[PDB]
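Asks: Below you'll find the sequence and an experimental structure to go with it.
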Amino acid sequence: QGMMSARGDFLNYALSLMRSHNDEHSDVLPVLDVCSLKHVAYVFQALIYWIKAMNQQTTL
Amino acid sequence: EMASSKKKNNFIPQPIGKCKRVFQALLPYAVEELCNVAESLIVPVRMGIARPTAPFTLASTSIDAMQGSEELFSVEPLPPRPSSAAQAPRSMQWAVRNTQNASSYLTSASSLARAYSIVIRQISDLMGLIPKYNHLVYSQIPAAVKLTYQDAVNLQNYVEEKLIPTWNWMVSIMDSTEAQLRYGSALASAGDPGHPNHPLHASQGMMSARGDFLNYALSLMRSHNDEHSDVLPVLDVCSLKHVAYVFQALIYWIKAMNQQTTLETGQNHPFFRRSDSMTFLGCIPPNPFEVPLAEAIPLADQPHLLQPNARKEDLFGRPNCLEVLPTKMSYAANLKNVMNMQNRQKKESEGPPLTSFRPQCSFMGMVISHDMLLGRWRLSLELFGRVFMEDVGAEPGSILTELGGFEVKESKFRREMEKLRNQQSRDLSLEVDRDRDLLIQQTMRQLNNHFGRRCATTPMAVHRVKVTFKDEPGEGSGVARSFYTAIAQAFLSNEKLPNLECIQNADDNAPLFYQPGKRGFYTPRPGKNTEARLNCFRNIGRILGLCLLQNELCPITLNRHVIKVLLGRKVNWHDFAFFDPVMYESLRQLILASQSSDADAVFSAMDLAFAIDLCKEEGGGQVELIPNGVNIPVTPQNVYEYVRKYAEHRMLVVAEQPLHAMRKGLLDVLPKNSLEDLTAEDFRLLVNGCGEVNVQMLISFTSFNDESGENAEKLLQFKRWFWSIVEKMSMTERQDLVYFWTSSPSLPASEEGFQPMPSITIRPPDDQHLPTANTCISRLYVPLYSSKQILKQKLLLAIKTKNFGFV
Amino acid sequence: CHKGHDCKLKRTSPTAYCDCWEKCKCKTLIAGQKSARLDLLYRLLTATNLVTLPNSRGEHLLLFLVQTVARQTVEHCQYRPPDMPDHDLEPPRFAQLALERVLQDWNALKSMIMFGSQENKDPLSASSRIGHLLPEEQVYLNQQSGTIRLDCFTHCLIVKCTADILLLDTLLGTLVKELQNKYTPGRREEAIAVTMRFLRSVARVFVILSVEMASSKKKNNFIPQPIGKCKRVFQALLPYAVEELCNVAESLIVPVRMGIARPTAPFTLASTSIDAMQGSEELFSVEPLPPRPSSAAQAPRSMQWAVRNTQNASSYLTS
């Protein structure tokens, strides 16, 4: 199942990407994996920290 | 899903061909939609978003690809709730983390880049169809959307607008990589190789990972401000697979645009122009009359310097947004600079028909041509062309293939030889003596009886060449291997020939070949230009062709211009350096003299005329370069005519009939088309092998057998002794050694050149006996000598004793 | 005592005394008059430009002195009160006084910070011979500047001077004083250039140290000196430190944001400051390349579909 599962997942990912571009994804779950988002999660915390510090400066 | 065929085929399976048909019928709209698809495909890669995935194989057959798609299209909507890698050079090895199922980001990024390149190629093709659209619609599709010149303009603008973002990203990366590589090269040459941190010197888990990461961060921080003068940049090319795919696709776009745009005594005369292999990528050649021969053509200085894996830069001498060099290593600076230049530049059919559409790449820079880019990212390209050749280079329309070395060209040539060899079931059989005179006469007579009883206007395709020696009844290919060398050595000898007129039944005894200049390399000797001699020469050409077809070497050390004649291509001034280096330099000085204010006085004082004295090996006497040349003086203005005719005369006219005969002889066996992809260097490596006996090359292909019964450690010590002795041998002695071992002085140009592999058998200890070799199987036998000195003396004596024993 | 002789650092255990006094004509047995030594130091510093010169290994006097002061700190902490020379004498403090005094000279500090710059080209062991190279290599290799010795000096000043702060305060006070020298023409821009180069070196030190040291889940004010001193530098040079740190952040994010970053194997963060500092030693103990010699809690079911999980080799995601 390995090779065919990898191929199927990749092709389904491409299909989902092409559909989502034009909002043509009404009857299928978007292909998504959060384990890949670790680096953006780090960046996201830092960026919120910047804006939160700005708001603290406004309230302080 | 469908794997690209390495062989060019027009199969174009219906599942894809029909998609192309749709796009062609709806071109003006299909292009825009495909651009949006390309955007969606690239964004996951360019932004670092794409999901990790496990690898998968591409489907070779259309059937399996279609079946794989079935599992993707056999889907029902969700119902509602019911009611209830070639090795890098040492100067760049530091840049590669390599030894030269689970999911991974790089796998997905690379496969997504592949999909992106597919879409980009489709877009480039659709744009390529515009000029012929008014013809390719009616001849292909019953109906299609009409489009006009104005629409073609807008399509070009739209496509490039969608591609520029990706282009800027790619350029930043490529420029940084090229800067780091050029920096590493400059630092490697400037620094001391003895130092342990030197790139050529280099060429725990947790702490190693931590150290590497911290060093990477350090390098990044330093490169941002050009504070990286004494350390190698931290770089890994294995991570650049996805950008390599994208890069090929983007070059393809610009190259298609350029294709759409394209779709005497002067130094400008074709004879003086740099030739095959000599013209570097988007580099401007150094004028050959300003650079001494020793430096202009290092290969001409050392004719044995050519190697199958030699860098083109070494052999032929080291060499607008793109005219500005990629000097920054920091990425960020490169993108900002790209954007600054780009912002400077940025700030029925009416009228013309589509056939008059003049598209171009006129943005990002004013004019781009791919040679400029191949020159810009020259080092990045050279490294990619070895790391990614098996992956990115396998793509259709691959640009890495232009970086292919000898092995690539040899692969294609071998395929042609296999196709030709398997078409005939009639072999060649030669029965010859070992005596030089008898060998020549017998070989040539039998070759004429073989050739003339077959159609003389068709190539002599055969399955196997088998040779037997008189009183030495070995048989088959091994004997043919020893025979090719024996006959080649018979040709190259300075001894007088037997009467070649004996060959006609199937005195001009001048040797067949001679050494011009101060080289040990040969040019055909015309002798008396009798028909018997030319007959011999034609048969020699046949031998060359047969050896190529049989994947065997023919060690006839011919000069480069001779090889060009055999290949069916023109000989140039630059090839005269390979005929006679001394005369090349002297004639070059004569050309430089023609540029002096006293040039007239110099040419008159030298008493030069368009007639040249020939040495005995050239037939002797004085021969005119041009009719009435004796009475025609050489002047500073016709100096190029004089040098051109001098070089051409000695390279071609003196031996024109021998060369013509040899050319036909090669064509008598192999088709001309098979030679079109080869340069003189490739023909040399295929026919003559490696003139320089690279000891490491010989080692890597050698296997060792033991008949002594001794322990492996003692045998290892002895093996090391042998190879050390070989390394210390002079080139003559190395050639004699390989000749002793295999009956051929040259090494094959590749691993596939050995059939079977060479081997050395270690015999029981004996300090009196000499080594012996069964050359028909490339097997050398060496006694287990008690000392290295004995092995050296005995081995040298055995190899220099050309009177080989009948082992 | 062995100047110009064949001497090599031995690999045996460091727990040993020195045999030079007994086996040779040791010329370092006599301390001399310390006050005269210091007075002569001051006179030479103001009388000559010798302070700007490197030694035979290309090392600037400040680098020499900083390493010497840290080393003496280690050796002298082992001292104890009480034909053979007099022993149990008080160790010298000359190296520390010299380091403090040299750092007060704008010329010495400028030469050290600008050391490795295109203008302040190191003549020895630092790619000093370029003219023999073809133009391409000259253009590329002349464009970069070296900071190995500036980085090692800054690293020593911050990480190895664990028993001092006045040295860093002296350096920073000098930079501030010259940055405030609005009344001197040209000098202002020079002070800024020097300060920016120094800040970039400090930022490199800061990033390395901060990445290695593990963040404590318990809120602590330990703020180890290796990082606290970097923060002190930034605070003293805030208006410039901010800009330089922004550029550092840019260089750190670009490899990630563009999908460029190299794959790397994972590593553990150091819990103690000591191990982080030691890890940095392997990164800062570097010599320049010499020239060629002359010859996861479970997701809810409605979102589990979005996670590829069950709820050393290098990898891109790790990096």
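Replies: Here it is on my side, so go on. Numbering: from 1, shown residues only, chains lettered A, B, ... in the order given.

Asks: only C-alpha atoms for contact and neighbour calcs from this point on.
Replies: OK.

Asks: is stretch C:202-216 anywhere near chain B?
Replies: Yes: if you take C-alpha under 8 Å from any C-alpha of the partner chain as the test, stretch C:202-216 does meet chain B, through C:204, C:208.

Asks: quick one, helices of chain C?
Replies: In chain C, the helices defined using DSSP state H lie at C:20-23, C:34-47, C:61-76, C:94-102, C:106-113, C:135-143, C:148-155, C:166-179, C:187-212, C:225-236, C:238-257, C:273-284, C:301-304.

Asks: Next: chain A.
Replies: Assigned by DSSP H, the helices in chain A fall at A:2-20, A:38-59.

Asks: Helix C:238-257 and the last one, what's the angle between them?
Replies: Yep, that's helix A:38-59 we're talking about. 150 degrees (axes from the mean of the first three to the mean of the last three C-alpha atoms, to 10 degrees).

Asks: State the distance from residue C:43 to residue C:68.
Replies: Applying C-alpha to C-alpha, to the nearest Å, the value for residue C:43 to residue C:68 is 21 Å.

Asks: more crowded one of the two?
Replies: The neighbour count for residue C:43 versus residue C:68, taken as other C-alpha atoms under 10 Å in any protein chain shown, is higher for residue C:68 (15 against 10).

Asks: give me the number of residues near residue C:182?
Replies: With other C-alpha under 10 Å as criterion, residue C:182 counts 12.

Asks: What of residue A:60?
Replies: 6.

Asks: residues from chain A in reach of chain B?
Replies: Selection of chain A residues close to chain B by C-alpha under 8 Å from any C-alpha yields A:2-4, A:6-12, A:14, A:17-18, A:21, A:27-28, A:32-33, A:36-37.

Asks: Buried ones only from those residues, please, as a ChimeraX command.
Replies: Selection of the buried residues among the residues of chain A next to chain B in ChimeraX, burial being defined by 16 or more other C-alpha atoms under 10 Å in any protein chain shown:
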select /A:6,7,8,10,11,12,14,17,18,32,33,36
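
Asks: From the residues of chain A next to chain B, list the ones also adjacent to chain C.
Replies: Filtering the residues of chain A next to chain B for proximity to chain C by C-alpha under 8 Å from any C-alpha leaves A:32-33, A:36.

Asks: Contacts for stretch C:211-225 next, please.
Replies: With contact meaning C-alpha atoms under 8 Å, 6 or more residues apart in numbering or on different chains, stretch C:211-225 is reached by C:158-159, C:162, C:269-273, C:276, C:279.

Asks: Can you select the buried ones among the residues you listed for me in ChimeraX?
Replies: In ChimeraX, this line selects whichever of the contacts of stretch C:211-225 come out buried by 16+ other C-alpha under 10 Å:
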select /C:158,159,269,270,273,276,279
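
Asks: nearest to chain A, of the contacts of stretch C:211-225?
Replies: Of all these, residue C:269 has the smallest distance to chain A: 16.0 Å, by C-alpha to the nearest C-alpha.

Asks: What sits closest to the closest one if chain neighbours are left out?
Replies: Leaving aside its chain neighbours, residue C:269 sits nearest to residue C:214 (5.0 Å; criterion: C-alpha to C-alpha, 6 or more residues apart in numbering or on different chains).
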